[PDB]
>>> print(open('target_28.cif').read())   # mmCIF, C-alpha atoms
data_query
loop_
_atom_site.label_atom_id
_atom_site.label_comp_id
_atom_site.auth_asym_id
_atom_site.auth_seq_id
_atom_site.Cartn_x
_atom_site.Cartn_y
_atom_site.Cartn_z
CA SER A 5 -5.18 -105.91 20.65
CA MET A 6 -1.83 -106.98 22.06
CA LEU A 7 0.23 -104.05 20.82
CA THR A 8 2.52 -103.50 23.79
CA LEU A 9 4.27 -100.28 24.72
CA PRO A 10 7.59 -101.31 23.15
CA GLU A 11 5.61 -102.63 20.20
CA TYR A 12 3.76 -99.39 19.57
CA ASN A 13 6.77 -97.24 20.39
CA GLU A 14 8.58 -99.03 17.59
CA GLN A 15 6.34 -97.20 15.14
CA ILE A 16 6.21 -94.00 17.17
CA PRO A 17 8.63 -92.30 14.77
CA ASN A 18 6.54 -93.80 11.99
CA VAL A 19 3.36 -91.96 12.93
CA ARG A 20 5.09 -88.59 13.13
CA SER A 21 7.03 -89.44 10.00
CA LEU A 22 3.78 -89.46 8.06
CA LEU A 23 2.18 -86.90 10.35
CA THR A 24 4.68 -84.52 8.79
CA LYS A 25 2.39 -84.56 5.78
CA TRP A 26 0.01 -82.56 7.93
CA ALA A 27 -0.04 -79.02 6.58
CA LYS A 28 -1.43 -77.77 9.87
CA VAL A 29 1.48 -79.25 11.78
CA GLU A 30 3.82 -76.38 12.54
CA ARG A 31 5.83 -78.03 15.29
CA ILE A 32 7.24 -81.53 15.53
CA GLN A 33 8.25 -82.73 18.98
CA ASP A 34 8.59 -86.27 20.27
CA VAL A 35 8.12 -87.52 23.81
CA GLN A 36 9.12 -90.52 25.89
CA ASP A 37 5.50 -91.64 25.98
CA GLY A 38 4.16 -90.89 22.52
CA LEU A 39 4.56 -87.60 20.68
CA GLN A 40 3.69 -83.93 21.02
CA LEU A 41 2.95 -81.90 17.91
CA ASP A 42 1.40 -78.49 17.40
CA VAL A 43 -1.40 -78.62 14.85
CA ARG A 44 -2.55 -75.21 13.67
CA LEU A 45 -6.27 -75.68 13.10
CA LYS A 46 -6.61 -71.92 12.84
CA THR A 47 -4.37 -68.87 12.76
CA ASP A 48 -5.82 -68.16 16.19
CA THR A 49 -6.50 -71.77 17.12
CA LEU A 50 -3.91 -74.34 18.14
CA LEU A 51 -4.61 -77.99 18.82
CA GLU A 52 -1.95 -79.71 20.91
CA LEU A 53 -2.07 -83.33 19.81
CA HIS A 54 -0.86 -85.61 22.58
CA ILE A 55 -0.41 -89.30 21.86
CA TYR A 56 -0.11 -91.81 24.67
CA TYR A 57 -0.25 -95.58 25.02
CA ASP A 58 -2.76 -97.33 27.24
CA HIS A 59 -1.99 -100.73 28.72
CA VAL A 60 -5.68 -100.85 29.53
CA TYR A 61 -6.42 -102.23 26.08
CA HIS A 62 -2.82 -102.62 24.96
CA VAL A 63 -3.28 -99.95 22.32
CA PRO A 64 -2.40 -96.31 21.63
CA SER A 65 -4.59 -93.43 22.72
CA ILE A 66 -5.34 -89.89 21.59
CA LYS A 67 -5.53 -86.77 23.71
CA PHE A 68 -5.54 -83.21 22.40
CA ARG A 69 -6.43 -79.76 23.66
CA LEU A 70 -7.81 -76.72 21.87
CA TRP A 71 -5.95 -73.44 22.21
CA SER A 72 -6.72 -69.86 21.24
CA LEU A 73 -3.76 -67.84 20.04
CA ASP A 74 -4.25 -64.20 20.94
CA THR A 75 -1.90 -61.66 19.39
CA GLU A 76 -3.85 -58.65 20.62
CA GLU A 77 -0.51 -57.05 21.39
CA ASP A 78 1.45 -59.37 19.13
CA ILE A 79 3.25 -61.35 21.82
CA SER A 80 2.25 -64.74 20.48
CA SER A 81 -0.02 -65.53 23.39
CA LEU A 82 -2.65 -68.25 23.60
CA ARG A 83 -5.35 -69.69 25.82
CA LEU A 84 -6.95 -73.11 26.17
CA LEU A 85 -10.36 -73.32 24.55
CA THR A 86 -13.45 -75.28 25.53
CA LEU A 87 -16.60 -75.95 23.53
CA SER A 88 -19.29 -78.59 23.18
CA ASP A 89 -19.16 -81.48 20.73
CA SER A 90 -21.19 -79.73 18.05
CA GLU A 91 -18.78 -76.84 18.46
CA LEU A 92 -15.79 -79.15 18.79
CA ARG A 93 -16.92 -80.77 15.56
CA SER A 94 -16.81 -77.43 13.78
CA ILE A 95 -13.14 -78.27 13.37
CA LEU A 96 -12.77 -81.91 14.34
CA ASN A 97 -14.47 -84.76 12.52
CA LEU A 98 -16.37 -87.18 14.72
CA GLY A 99 -19.10 -88.42 12.42
CA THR A 100 -19.64 -91.80 14.04
CA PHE A 101 -16.59 -91.77 16.27
CA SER A 102 -16.58 -91.00 19.98
CA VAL A 103 -14.69 -88.66 22.28
CA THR A 104 -14.47 -88.00 26.00
CA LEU A 105 -13.80 -84.50 27.27
CA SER A 106 -12.95 -84.22 30.95
CA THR A 107 -11.81 -81.26 33.02
CA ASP A 108 -9.24 -81.16 35.80
CA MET A 109 -9.97 -80.74 39.49
CA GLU A 110 -8.99 -77.11 39.13
CA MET A 111 -11.36 -76.90 36.19
CA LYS A 112 -8.67 -74.85 34.49
CA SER A 113 -7.39 -77.65 32.29
CA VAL A 114 -9.17 -80.18 30.11
CA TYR A 115 -8.43 -82.81 27.49
CA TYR A 116 -10.15 -84.48 24.57
CA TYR A 117 -9.65 -88.19 25.11
CA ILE A 118 -10.67 -89.77 21.82
CA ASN A 119 -12.45 -93.09 22.14
CA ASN A 120 -9.69 -95.62 21.61
CA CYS A 121 -10.89 -98.60 23.62
CA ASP A 122 -11.71 -100.82 20.66
CA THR A 123 -9.07 -99.88 18.12
CA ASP A 124 -8.22 -103.35 16.88
CA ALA A 125 -11.90 -103.39 15.98
CA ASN A 126 -11.37 -100.50 13.59
CA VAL A 127 -7.63 -100.40 12.98
CA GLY A 128 -7.21 -104.16 13.05
CA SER A 129 -4.50 -106.55 14.18
CA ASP A 130 -1.93 -105.60 11.58
CA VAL A 131 0.82 -104.75 14.04
CA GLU A 132 2.89 -103.93 10.98
CA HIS A 133 1.23 -100.72 9.88
CA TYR A 134 -0.88 -100.29 12.99
CA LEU A 135 0.72 -97.11 14.27
CA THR A 136 0.12 -95.80 10.77
CA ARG A 137 -3.27 -97.33 10.04
CA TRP A 138 -4.21 -96.18 13.52
CA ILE A 139 -3.05 -92.58 13.41
CA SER A 140 -4.06 -92.22 9.78
CA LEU A 141 -7.34 -93.61 11.05
CA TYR A 142 -7.55 -91.29 14.03
CA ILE A 143 -6.22 -88.39 12.00
CA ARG A 144 -9.44 -88.27 10.01
CA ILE A 145 -10.89 -86.69 13.13
CA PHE A 146 -8.45 -83.81 12.87
CA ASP A 147 -7.98 -83.44 9.13
CA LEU A 148 -10.09 -85.13 6.48
CA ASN A 149 -7.84 -83.58 3.86
CA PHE A 150 -4.76 -85.37 5.14
CA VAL A 151 -4.70 -89.08 4.38
CA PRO A 152 -1.37 -90.54 5.50
#
>>> encode(input="target_28.cif", output="structure tokens")
Amino acid sequence: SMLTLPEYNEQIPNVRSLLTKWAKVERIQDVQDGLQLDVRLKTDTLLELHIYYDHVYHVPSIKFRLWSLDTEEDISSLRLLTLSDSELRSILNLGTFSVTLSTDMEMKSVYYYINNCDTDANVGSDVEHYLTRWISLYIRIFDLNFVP
């Protein structure tokens, strides 16, 4: 893949544009390095989808974190969640895909770096609808009911 940063950022507002279709998406926020949305996997579970480009392979990446909304008192609180793959699959859809979960030095924060090393292999070279064919391709790991 040769999709540069300015090449993938050109379709940044294209991914979210379709991402809007997501029924779980409750919040829509863009960033200067991808996008930041708030997917509501569960009424008490929030999955912060964080998209970021990687010049490593010249392609976009995927990084999300599970959250646990706790309204014990009804303050709209939440707390990062952490489970194994089998448990992480209870919501996400890996199937044959691959993911890499790593914790921080403080072991208080972690992320779910989805395997996006060989995207062109799956997505392709179509730089036209890549950001779409990519997300819509990597979205099947979050929602198999939402086909953008």
>>> resolve_selection(input="target_28.cif", expression="the PyMOL selection byres ((chain A and resi 8-10) around 7)", output="PyMOL selection string")
chain A and resi 6-7+11-14+57+62-63
>>> residues_around(input="target_28.cif", residues="segment 79-88 of chain A", least_positions_apart="4", cutoff="9 Å", atoms="only C-alpha atoms", output="number ranges by chain")
A: 48-50, 69-75, 92-93, 112-114
>>> resolve_selection(input="target_28.cif", expression="the PyMOL selection byres ((chain A and resi 31-45) around 7)", output="list in words")
residues 16, 28, 29, 30, 46, 47, 49, 50, 51, 52, 53, 54, 55, 56 and 57 of chain A
>>> write_last_selection(input="target_28.cif", atoms="C-alpha atoms", output="short mmCIF file (atom, residue, chain, number, x, y, z; two decimals), keeping the file's coordinate frame")
data_model
loop_
_atom_site.label_atom_id
_atom_site.label_comp_id
_atom_site.auth_asym_id
_atom_site.auth_seq_id
_atom_site.Cartn_x
_atom_site.Cartn_y
_atom_site.Cartn_z
CA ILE A 16 6.21 -94.00 17.17
CA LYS A 28 -1.43 -77.77 9.87
CA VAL A 29 1.48 -79.25 11.78
CA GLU A 30 3.82 -76.38 12.54
CA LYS A 46 -6.61 -71.92 12.84
CA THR A 47 -4.37 -68.87 12.76
CA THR A 49 -6.50 -71.77 17.12
CA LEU A 50 -3.91 -74.34 18.14
CA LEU A 51 -4.61 -77.99 18.82
CA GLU A 52 -1.95 -79.71 20.91
CA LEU A 53 -2.07 -83.33 19.81
CA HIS A 54 -0.86 -85.61 22.58
CA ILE A 55 -0.41 -89.30 21.86
CA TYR A 56 -0.11 -91.81 24.67
CA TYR A 57 -0.25 -95.58 25.02
#
>>> resolve_selection(input="target_28.cif", expression="the PyMOL selection byres ((chain A and resi 142-151) around 12)", output="short mmCIF file (atom, residue, chain, number, x, y, z; two decimals) with C-alpha atoms, keeping the file's coordinate frame")
data_model
loop_
_atom_site.label_atom_id
_atom_site.label_comp_id
_atom_site.auth_asym_id
_atom_site.auth_seq_id
_atom_site.Cartn_x
_atom_site.Cartn_y
_atom_site.Cartn_z
CA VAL A 19 3.36 -91.96 12.93
CA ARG A 20 5.09 -88.59 13.13
CA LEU A 22 3.78 -89.46 8.06
CA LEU A 23 2.18 -86.90 10.35
CA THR A 24 4.68 -84.52 8.79
CA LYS A 25 2.39 -84.56 5.78
CA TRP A 26 0.01 -82.56 7.93
CA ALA A 27 -0.04 -79.02 6.58
CA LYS A 28 -1.43 -77.77 9.87
CA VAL A 29 1.48 -79.25 11.78
CA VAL A 43 -1.40 -78.62 14.85
CA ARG A 44 -2.55 -75.21 13.67
CA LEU A 45 -6.27 -75.68 13.10
CA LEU A 50 -3.91 -74.34 18.14
CA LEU A 51 -4.61 -77.99 18.82
CA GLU A 52 -1.95 -79.71 20.91
CA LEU A 53 -2.07 -83.33 19.81
CA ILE A 55 -0.41 -89.30 21.86
CA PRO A 64 -2.40 -96.31 21.63
CA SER A 65 -4.59 -93.43 22.72
CA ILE A 66 -5.34 -89.89 21.59
CA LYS A 67 -5.53 -86.77 23.71
CA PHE A 68 -5.54 -83.21 22.40
CA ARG A 69 -6.43 -79.76 23.66
CA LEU A 70 -7.81 -76.72 21.87
CA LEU A 92 -15.79 -79.15 18.79
CA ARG A 93 -16.92 -80.77 15.56
CA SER A 94 -16.81 -77.43 13.78
CA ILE A 95 -13.14 -78.27 13.37
CA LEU A 96 -12.77 -81.91 14.34
CA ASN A 97 -14.47 -84.76 12.52
CA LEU A 98 -16.37 -87.18 14.72
CA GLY A 99 -19.10 -88.42 12.42
CA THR A 100 -19.64 -91.80 14.04
CA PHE A 101 -16.59 -91.77 16.27
CA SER A 102 -16.58 -91.00 19.98
CA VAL A 103 -14.69 -88.66 22.28
CA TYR A 116 -10.15 -84.48 24.57
CA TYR A 117 -9.65 -88.19 25.11
CA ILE A 118 -10.67 -89.77 21.82
CA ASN A 119 -12.45 -93.09 22.14
CA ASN A 120 -9.69 -95.62 21.61
CA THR A 123 -9.07 -99.88 18.12
CA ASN A 126 -11.37 -100.50 13.59
CA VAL A 127 -7.63 -100.40 12.98
CA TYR A 134 -0.88 -100.29 12.99
CA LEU A 135 0.72 -97.11 14.27
CA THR A 136 0.12 -95.80 10.77
CA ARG A 137 -3.27 -97.33 10.04
CA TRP A 138 -4.21 -96.18 13.52
CA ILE A 139 -3.05 -92.58 13.41
CA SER A 140 -4.06 -92.22 9.78
CA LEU A 141 -7.34 -93.61 11.05
CA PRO A 152 -1.37 -90.54 5.50
#
>>> atom_distance(input="target_28.cif", atom1="atom CA of residue 129 of chain A", atom2="atom CA of residue 15 of chain A")
14.3 Å
>>> atom_distance(input="target_28.cif", atom1="atom CA of residue 58 of chain A", atom2="atom CA of residue 122 of chain A")
11.6 Å
>>> atom_distance(input="target_28.cif", atom1="atom CA of residue 17 of chain A", atom2="atom CA of residue 132 of chain A")
13.5 Å
>>> decode(input="target_28.cif", residues="segment 27-60 of chain A", atoms="N, CA, C and O atoms", output="PDB file, in the first residue's frame")
ATOM      1  N   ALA A  27     -25.611   2.233  14.175  1.00  0.00           N
ATOM      2  CA  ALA A  27     -26.714   2.514  15.078  1.00  0.00           C
ATOM      3  C   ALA A  27     -26.191   2.561  16.515  1.00  0.00           C
ATOM      4  O   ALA A  27     -26.873   3.055  17.413  1.00  0.00           O
ATOM      5  N   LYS A  28     -24.986   2.039  16.690  1.00  0.00           N
ATOM      6  CA  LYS A  28     -24.364   2.014  18.003  1.00  0.00           C
ATOM      7  C   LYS A  28     -23.648   3.344  18.248  1.00  0.00           C
ATOM      8  O   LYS A  28     -23.476   3.758  19.393  1.00  0.00           O
ATOM      9  N   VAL A  29     -23.249   3.976  17.154  1.00  0.00           N
ATOM     10  CA  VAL A  29     -22.556   5.249  17.236  1.00  0.00           C
ATOM     11  C   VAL A  29     -23.491   6.295  17.845  1.00  0.00           C
ATOM     12  O   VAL A  29     -24.532   6.614  17.271  1.00  0.00           O
ATOM     13  N   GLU A  30     -23.087   6.802  19.002  1.00  0.00           N
ATOM     14  CA  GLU A  30     -23.875   7.806  19.695  1.00  0.00           C
ATOM     15  C   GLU A  30     -23.196   9.174  19.601  1.00  0.00           C
ATOM     16  O   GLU A  30     -23.860  10.206  19.662  1.00  0.00           O
ATOM     17  N   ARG A  31     -21.880   9.136  19.454  1.00  0.00           N
ATOM     18  CA  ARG A  31     -21.102  10.359  19.349  1.00  0.00           C
ATOM     19  C   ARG A  31     -20.262  10.347  18.072  1.00  0.00           C
ATOM     20  O   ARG A  31     -19.781   9.297  17.650  1.00  0.00           O
ATOM     21  N   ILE A  32     -20.112  11.528  17.489  1.00  0.00           N
ATOM     22  CA  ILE A  32     -19.339  11.667  16.267  1.00  0.00           C
ATOM     23  C   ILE A  32     -18.345  12.820  16.427  1.00  0.00           C
ATOM     24  O   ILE A  32     -18.727  13.987  16.355  1.00  0.00           O
ATOM     25  N   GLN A  33     -17.090  12.453  16.638  1.00  0.00           N
ATOM     26  CA  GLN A  33     -16.039  13.442  16.808  1.00  0.00           C
ATOM     27  C   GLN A  33     -14.843  13.103  15.915  1.00  0.00           C
ATOM     28  O   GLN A  33     -14.427  11.948  15.841  1.00  0.00           O
ATOM     29  N   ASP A  34     -14.324  14.132  15.261  1.00  0.00           N
ATOM     30  CA  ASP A  34     -13.184  13.958  14.377  1.00  0.00           C
ATOM     31  C   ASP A  34     -11.913  14.418  15.094  1.00  0.00           C
ATOM     32  O   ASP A  34     -11.982  15.158  16.075  1.00  0.00           O
ATOM     33  N   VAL A  35     -10.781  13.963  14.577  1.00  0.00           N
ATOM     34  CA  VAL A  35      -9.497  14.318  15.156  1.00  0.00           C
ATOM     35  C   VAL A  35      -8.526  14.698  14.037  1.00  0.00           C
ATOM     36  O   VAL A  35      -8.809  14.473  12.862  1.00  0.00           O
ATOM     37  N   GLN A  36      -7.401  15.269  14.441  1.00  0.00           N
ATOM     38  CA  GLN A  36      -6.386  15.683  13.486  1.00  0.00           C
ATOM     39  C   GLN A  36      -5.381  14.552  13.256  1.00  0.00           C
ATOM     40  O   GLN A  36      -4.204  14.804  13.010  1.00  0.00           O
ATOM     41  N   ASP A  37      -5.885  13.330  13.344  1.00  0.00           N
ATOM     42  CA  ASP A  37      -5.047  12.159  13.148  1.00  0.00           C
ATOM     43  C   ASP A  37      -5.933  10.919  13.020  1.00  0.00           C
ATOM     44  O   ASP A  37      -5.539   9.826  13.424  1.00  0.00           O
ATOM     45  N   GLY A  38      -7.113  11.129  12.454  1.00  0.00           N
ATOM     46  CA  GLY A  38      -8.057  10.040  12.266  1.00  0.00           C
ATOM     47  C   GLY A  38      -9.477  10.478  12.637  1.00  0.00           C
ATOM     48  O   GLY A  38     -10.024  11.398  12.033  1.00  0.00           O
ATOM     49  N   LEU A  39     -10.031   9.795  13.628  1.00  0.00           N
ATOM     50  CA  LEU A  39     -11.376  10.100  14.086  1.00  0.00           C
ATOM     51  C   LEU A  39     -11.616   9.422  15.437  1.00  0.00           C
ATOM     52  O   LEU A  39     -10.995   8.406  15.744  1.00  0.00           O
ATOM     53  N   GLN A  40     -12.521  10.010  16.205  1.00  0.00           N
ATOM     54  CA  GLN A  40     -12.851   9.476  17.515  1.00  0.00           C
ATOM     55  C   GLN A  40     -14.368   9.448  17.711  1.00  0.00           C
ATOM     56  O   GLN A  40     -14.990  10.490  17.911  1.00  0.00           O
ATOM     57  N   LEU A  41     -14.920   8.245  17.644  1.00  0.00           N
ATOM     58  CA  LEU A  41     -16.352   8.069  17.811  1.00  0.00           C
ATOM     59  C   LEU A  41     -16.618   7.257  19.080  1.00  0.00           C
ATOM     60  O   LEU A  41     -15.707   6.636  19.626  1.00  0.00           O
ATOM     61  N   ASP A  42     -17.869   7.289  19.513  1.00  0.00           N
ATOM     62  CA  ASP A  42     -18.265   6.563  20.709  1.00  0.00           C
ATOM     63  C   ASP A  42     -19.338   5.535  20.344  1.00  0.00           C
ATOM     64  O   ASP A  42     -20.521   5.863  20.275  1.00  0.00           O
ATOM     65  N   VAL A  43     -18.885   4.310  20.119  1.00  0.00           N
ATOM     66  CA  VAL A  43     -19.790   3.231  19.761  1.00  0.00           C
ATOM     67  C   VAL A  43     -20.344   2.593  21.037  1.00  0.00           C
ATOM     68  O   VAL A  43     -19.582   2.186  21.912  1.00  0.00           O
ATOM     69  N   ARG A  44     -21.665   2.526  21.102  1.00  0.00           N
ATOM     70  CA  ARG A  44     -22.329   1.945  22.256  1.00  0.00           C
ATOM     71  C   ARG A  44     -22.649   0.471  21.997  1.00  0.00           C
ATOM     72  O   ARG A  44     -23.727   0.143  21.503  1.00  0.00           O
ATOM     73  N   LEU A  45     -21.693  -0.379  22.344  1.00  0.00           N
ATOM     74  CA  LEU A  45     -21.860  -1.810  22.156  1.00  0.00           C
ATOM     75  C   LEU A  45     -22.935  -2.324  23.115  1.00  0.00           C
ATOM     76  O   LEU A  45     -23.663  -3.262  22.792  1.00  0.00           O
ATOM     77  N   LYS A  46     -23.001  -1.688  24.275  1.00  0.00           N
ATOM     78  CA  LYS A  46     -23.975  -2.069  25.283  1.00  0.00           C
ATOM     79  C   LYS A  46     -24.372  -0.835  26.096  1.00  0.00           C
ATOM     80  O   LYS A  46     -23.618   0.133  26.168  1.00  0.00           O
ATOM     81  N   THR A  47     -25.554  -0.911  26.690  1.00  0.00           N
ATOM     82  CA  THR A  47     -26.059   0.187  27.494  1.00  0.00           C
ATOM     83  C   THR A  47     -25.104   0.484  28.652  1.00  0.00           C
ATOM     84  O   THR A  47     -25.144   1.568  29.233  1.00  0.00           O
ATOM     85  N   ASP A  48     -24.268  -0.499  28.954  1.00  0.00           N
ATOM     86  CA  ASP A  48     -23.304  -0.357  30.031  1.00  0.00           C
ATOM     87  C   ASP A  48     -21.901  -0.652  29.496  1.00  0.00           C
ATOM     88  O   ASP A  48     -20.970  -0.866  30.272  1.00  0.00           O
ATOM     89  N   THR A  49     -21.794  -0.654  28.176  1.00  0.00           N
ATOM     90  CA  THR A  49     -20.520  -0.919  27.529  1.00  0.00           C
ATOM     91  C   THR A  49     -20.287   0.069  26.385  1.00  0.00           C
ATOM     92  O   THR A  49     -21.107   0.174  25.474  1.00  0.00           O
ATOM     93  N   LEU A  50     -19.165   0.769  26.469  1.00  0.00           N
ATOM     94  CA  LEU A  50     -18.814   1.745  25.451  1.00  0.00           C
ATOM     95  C   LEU A  50     -17.468   1.366  24.830  1.00  0.00           C
ATOM     96  O   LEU A  50     -16.525   1.026  25.542  1.00  0.00           O
ATOM     97  N   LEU A  51     -17.422   1.438  23.508  1.00  0.00           N
ATOM     98  CA  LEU A  51     -16.207   1.107  22.782  1.00  0.00           C
ATOM     99  C   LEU A  51     -15.715   2.344  22.029  1.00  0.00           C
ATOM    100  O   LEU A  51     -16.289   2.723  21.009  1.00  0.00           O
ATOM    101  N   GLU A  52     -14.657   2.938  22.560  1.00  0.00           N
ATOM    102  CA  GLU A  52     -14.081   4.125  21.950  1.00  0.00           C
ATOM    103  C   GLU A  52     -13.218   3.738  20.748  1.00  0.00           C
ATOM    104  O   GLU A  52     -12.087   3.280  20.913  1.00  0.00           O
ATOM    105  N   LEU A  53     -13.782   3.935  19.566  1.00  0.00           N
ATOM    106  CA  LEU A  53     -13.078   3.613  18.337  1.00  0.00           C
ATOM    107  C   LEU A  53     -12.118   4.753  17.991  1.00  0.00           C
ATOM    108  O   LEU A  53     -12.542   5.894  17.813  1.00  0.00           O
ATOM    109  N   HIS A  54     -10.842   4.403  17.903  1.00  0.00           N
ATOM    110  CA  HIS A  54      -9.818   5.383  17.581  1.00  0.00           C
ATOM    111  C   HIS A  54      -9.084   4.958  16.308  1.00  0.00           C
ATOM    112  O   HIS A  54      -8.427   3.918  16.284  1.00  0.00           O
ATOM    113  N   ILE A  55      -9.219   5.784  15.281  1.00  0.00           N
ATOM    114  CA  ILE A  55      -8.575   5.505  14.008  1.00  0.00           C
ATOM    115  C   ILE A  55      -7.305   6.351  13.888  1.00  0.00           C
ATOM    116  O   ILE A  55      -7.305   7.531  14.234  1.00  0.00           O
ATOM    117  N   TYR A  56      -6.253   5.712  13.397  1.00  0.00           N
ATOM    118  CA  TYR A  56      -4.979   6.390  13.228  1.00  0.00           C
ATOM    119  C   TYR A  56      -4.181   5.777  12.074  1.00  0.00           C
ATOM    120  O   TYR A  56      -4.199   4.563  11.880  1.00  0.00           O
ATOM    121  N   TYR A  57      -3.500   6.646  11.341  1.00  0.00           N
ATOM    122  CA  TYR A  57      -2.698   6.205  10.213  1.00  0.00           C
ATOM    123  C   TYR A  57      -1.319   5.729  10.674  1.00  0.00           C
ATOM    124  O   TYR A  57      -0.800   6.203  11.684  1.00  0.00           O
ATOM    125  N   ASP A  58      -0.765   4.798   9.912  1.00  0.00           N
ATOM    126  CA  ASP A  58       0.544   4.252  10.229  1.00  0.00           C
ATOM    127  C   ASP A  58       1.425   4.292   8.979  1.00  0.00           C
ATOM    128  O   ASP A  58       1.145   3.609   7.996  1.00  0.00           O
ATOM    129  N   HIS A  59       2.473   5.099   9.059  1.00  0.00           N
ATOM    130  CA  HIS A  59       3.397   5.237   7.946  1.00  0.00           C
ATOM    131  C   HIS A  59       4.265   3.981   7.841  1.00  0.00           C
ATOM    132  O   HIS A  59       5.064   3.850   6.915  1.00  0.00           O
ATOM    133  N   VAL A  60       4.079   3.090   8.804  1.00  0.00           N
ATOM    134  CA  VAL A  60       4.837   1.850   8.831  1.00  0.00           C
ATOM    135  C   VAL A  60       4.541   1.050   7.562  1.00  0.00           C
ATOM    136  O   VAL A  60       5.456   0.525   6.928  1.00  0.00           O
TER     137      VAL A  60
END
